[PDB]
Amino acid sequence: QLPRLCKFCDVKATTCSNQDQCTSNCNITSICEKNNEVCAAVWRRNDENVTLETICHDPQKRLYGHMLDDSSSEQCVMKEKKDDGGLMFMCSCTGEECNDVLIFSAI
């Protein structure tokens, strides 16, 4: 099948909400076949300014002080990390654009 592909967009004001399923709104396709790169998508929401970032980040280093928990999973889930002043969710997945889709579930 295809190698590794994920959305590579900078963090900008997004309109995605903490819904069971959300999109990154990104429109870029970064190739990650030059390594075991993975798709990492973190969606943050501060006061009335929600920013979403999408890029090929390894679920090894904690981004924004957050650790992805679904990189090995086929479905990327938005993890709620201690965010003061706003909420920041980060998720990863070796899937394709799987990151672009930020799943938000209370549970």
# chains A, B, ... in the order shown; residues from 1 in each chain; ligands from 1
>>> residues_around(residues="residue 13 (chain A)", least_positions_apart="2", cutoff="12 Å", atoms="only C-alpha atoms", output="list in words")
residues 9, 10, 11, 15, 16, 17, 24, 25, 26, 43, 44, 45, 46, 47, 48, 49, 50, 51, 52 and 53 of chain A
>>> select_by_dssp(residues="chain A", states="strand (DSSP E)", output="MDAnalysis selection string")
chainID A and resid 5:6 9:13 30:31 39:46 49:55 79:81 87:93
>>> residues_around(residues="residue 62 (chain A)", least_positions_apart="2", cutoff="12 Å", atoms="only C-alpha atoms", output="ChimeraX atom specification")
/A:40,42,57-60,64-69,79,81,89-92
>>> write_last_selection(atoms="N, CA and C atoms", output="compact mmCIF listing (two decimals), in the first residue's frame")
# COMPACT_ATOMS: atom_id res chain seq x y z
N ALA A 40 0.85 13.71 13.16
CA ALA A 40 0.54 14.29 14.45
C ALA A 40 -0.32 15.53 14.26
N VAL A 42 -2.53 18.34 16.57
CA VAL A 42 -2.90 18.86 17.87
C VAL A 42 -3.85 20.04 17.70
N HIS A 57 4.87 14.55 13.13
CA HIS A 57 5.65 14.57 14.36
C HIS A 57 5.64 13.19 14.99
N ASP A 58 6.80 12.77 15.52
CA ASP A 58 6.92 11.47 16.15
C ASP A 58 6.27 11.51 17.53
N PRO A 59 5.44 10.50 17.82
CA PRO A 59 4.73 10.36 19.07
C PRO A 59 5.71 9.97 20.17
N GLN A 60 6.96 10.42 20.05
CA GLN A 60 7.98 10.11 21.03
C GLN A 60 8.16 11.29 21.98
N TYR A 64 3.98 20.46 23.26
CA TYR A 64 3.24 21.38 24.10
C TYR A 64 3.06 20.77 25.49
N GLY A 65 3.96 19.86 25.86
CA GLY A 65 3.90 19.21 27.16
C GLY A 65 2.83 18.13 27.16
N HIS A 66 2.44 17.68 25.96
CA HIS A 66 1.43 16.65 25.83
C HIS A 66 2.03 15.42 25.15
N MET A 67 1.48 14.24 25.45
CA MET A 67 1.96 13.00 24.87
C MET A 67 0.83 12.32 24.11
N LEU A 68 1.06 12.02 22.83
CA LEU A 68 0.07 11.37 22.00
C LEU A 68 -0.14 9.94 22.48
N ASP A 69 -1.39 9.46 22.42
CA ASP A 69 -1.72 8.12 22.85
C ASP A 69 -2.66 7.47 21.84
N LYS A 79 -6.31 13.81 22.85
CA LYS A 79 -6.03 13.65 24.27
C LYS A 79 -6.03 15.02 24.94
N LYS A 81 -4.75 17.40 27.60
CA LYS A 81 -3.62 17.57 28.49
C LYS A 81 -3.80 18.85 29.30
N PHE A 89 -5.37 19.68 22.58
CA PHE A 89 -5.46 18.25 22.34
C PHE A 89 -4.46 17.85 21.26
N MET A 90 -3.69 16.79 21.52
CA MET A 90 -2.70 16.32 20.58
C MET A 90 -2.87 14.82 20.36
N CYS A 91 -2.86 14.40 19.10
CA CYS A 91 -3.01 12.99 18.76
C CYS A 91 -2.11 12.65 17.58
N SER A 92 -1.68 11.39 17.50
CA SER A 92 -0.82 10.94 16.43
C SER A 92 -1.34 9.63 15.86
>>> residues_around(residues="residue 77 (chain A)", least_positions_apart="5", cutoff="10 Å", atoms="only C-alpha atoms", output="short mmCIF file (atom, residue, chain, number, x, y, z; two decimals) with N, CA and C atoms, in the first residue's frame")
data_model
loop_
_atom_site.label_atom_id
_atom_site.label_comp_id
_atom_site.auth_asym_id
_atom_site.auth_seq_id
_atom_site.Cartn_x
_atom_site.Cartn_y
_atom_site.Cartn_z
N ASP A 20 -16.74 14.00 18.53
CA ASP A 20 -16.27 12.64 18.36
C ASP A 20 -15.33 12.57 17.16
N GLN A 21 -15.60 13.38 16.14
CA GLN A 21 -14.77 13.41 14.95
C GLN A 21 -14.62 14.84 14.45
N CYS A 22 -13.38 15.26 14.20
CA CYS A 22 -13.11 16.60 13.73
C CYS A 22 -12.06 16.55 12.62
N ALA A 41 -1.49 15.55 14.90
CA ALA A 41 -2.40 16.67 14.80
C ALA A 41 -2.85 17.10 16.19
N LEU A 68 1.06 12.02 22.83
CA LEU A 68 0.07 11.37 22.00
C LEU A 68 -0.14 9.94 22.48
N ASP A 69 -1.39 9.46 22.42
CA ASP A 69 -1.72 8.12 22.85
C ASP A 69 -2.66 7.47 21.84
N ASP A 70 -2.14 7.17 20.64
CA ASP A 70 -2.93 6.56 19.60
C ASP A 70 -2.15 6.56 18.29
N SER A 71 -0.82 6.62 18.39
CA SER A 71 0.03 6.63 17.21
C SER A 71 0.04 5.25 16.57
N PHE A 89 -5.37 19.68 22.58
CA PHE A 89 -5.46 18.25 22.34
C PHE A 89 -4.46 17.85 21.26
N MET A 90 -3.69 16.79 21.52
CA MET A 90 -2.70 16.32 20.58
C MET A 90 -2.87 14.82 20.36
N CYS A 91 -2.86 14.40 19.10
CA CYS A 91 -3.01 12.99 18.76
C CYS A 91 -2.11 12.65 17.58
N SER A 92 -1.68 11.39 17.50
CA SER A 92 -0.82 10.94 16.43
C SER A 92 -1.34 9.63 15.86
N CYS A 93 -0.83 9.23 14.70
CA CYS A 93 -1.24 8.00 14.06
C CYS A 93 -0.40 7.76 12.81
N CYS A 98 -4.71 10.38 9.02
CA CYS A 98 -5.44 9.98 10.21
C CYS A 98 -5.34 11.08 11.27
N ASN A 99 -4.21 11.79 11.28
CA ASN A 99 -4.00 12.86 12.24
C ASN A 99 -4.91 14.03 11.92
N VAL A 101 -7.62 14.21 11.18
CA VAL A 101 -8.90 14.01 11.83
C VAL A 101 -8.70 13.90 13.33
N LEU A 102 -9.10 14.93 14.07
CA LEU A 102 -8.96 14.94 15.52
C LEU A 102 -10.25 14.47 16.16
N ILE A 103 -10.23 13.27 16.75
CA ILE A 103 -11.40 12.71 17.40
C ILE A 103 -11.45 13.18 18.85
N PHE A 104 -12.60 13.74 19.25
CA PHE A 104 -12.77 14.22 20.60
C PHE A 104 -13.87 13.42 21.30
N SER A 105 -13.49 12.68 22.34
CA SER A 105 -14.44 11.88 23.09
C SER A 105 -14.22 12.08 24.58
#
>>> closest_residue(among="A:36, A:73, A:1, A:27", to="residue 56 (chain A)", atoms="only C-alpha atoms")
A:36
>>> atom_distance(atom1="CA of residue 94 (chain A)", atom2="CA of residue 63 (chain A)")
16.6 Å
>>> atom_distance(atom1="CA of residue 74 (chain A)", atom2="CA of residue 87 (chain A)")
24.0 Å
>>> atom_distance(atom1="CA of residue 78 (chain A)", atom2="CA of residue 106 (chain A)")
9.6 Å
>>> closest_residue(among="A:38, A:54, A:23, A:85", to="residue 5 (chain A)", atoms="only C-alpha atoms")
A:38
